[PDB]
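Quick heads-up: it's one chain on its own, the form deposited in one PDB entry, in structure tokens.
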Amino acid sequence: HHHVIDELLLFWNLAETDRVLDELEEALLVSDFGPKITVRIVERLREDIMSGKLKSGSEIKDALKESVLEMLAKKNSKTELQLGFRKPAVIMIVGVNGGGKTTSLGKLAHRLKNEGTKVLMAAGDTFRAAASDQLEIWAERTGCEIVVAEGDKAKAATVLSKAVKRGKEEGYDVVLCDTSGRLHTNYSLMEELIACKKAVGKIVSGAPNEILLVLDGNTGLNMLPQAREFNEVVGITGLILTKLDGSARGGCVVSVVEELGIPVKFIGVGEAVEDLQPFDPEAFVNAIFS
């Protein structure tokens, strides 16, 4: 329980500015901001210290918080889930292997069900061992119905198609679509993602209303090529930043939003059904800096 940034800024006076900002720079790198963002943040703080605008350790920390909040707000759309006006709305969850797609979908279904929303799940991961069984356990936990492929040769796009069709015929509010993990460097799996988006759109105009990219909070600067390629290929409407209850800080998410304008919409903070929180930028920046 040491607050790194609180403690280095306690040393600040005007004459210690360089020694303190050197320490602040190491603290941001260690939080996975990367050298490019860190240099920008630190250089803007050094100018505002030297012009006498920032006059204490806490003004510096407030200006540090302010500059990251500004980068997180460099988006074009809202952080709320944007479901459509058509029934059902369709949400796809995508991202690299291991990041937390299936768990986050279950936790999101739990939130929608608490709100009275009628949710249908689609087991679009037809590749990995026991992917359906795993999503089925989440369905039973959250009280959702689920569409599971009958055969082993089933295609992700066909499963999501049948599910979105079933959601329309039976008056579901939301159809939540799982998908198998894929590396943004795998051309044929990124193509398969384009086929799902096209297939779902043929049943409800405007579907999918949300395509949420899952980003593992343990990942360093590779978060940015991930978000770039996925967004280029299908169009990402929001981020899910998972595993922030660990010791990783997820600082690289700041440059993702800053470069791409994709709002962070949820954070994962554990493995239980309740451990999905809607993104609150003030809470996030306060947490990352102490």
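All residue numbers refer to positions in the sequence shown, first residue = 1. Whichever C-alpha set is largest while still superposing within 1.5 Å between the two forms counts as the rigid core.
Absent from the display: the form deposited in another entry. The rest refers to it.
Core-superposed comparison between the shown form and the other one: the C-alpha position of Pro225 differs by less than 2 Å. Core-superposed comparison between the shown form and the other one: the C-alpha position of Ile49 differs by no less than 2 Å. Superposition on the rigid core between the shown form and the other one places the CA atom of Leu21 2 Å or more away from its counterpart. If you compare C-alpha positions, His184 and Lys198 are 3 angstroms or more farther apart in the other entry than in the form on display. A change of 3 Å or more separates the two forms for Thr185 and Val175: their C-alpha atoms lie closer together in the other entry.
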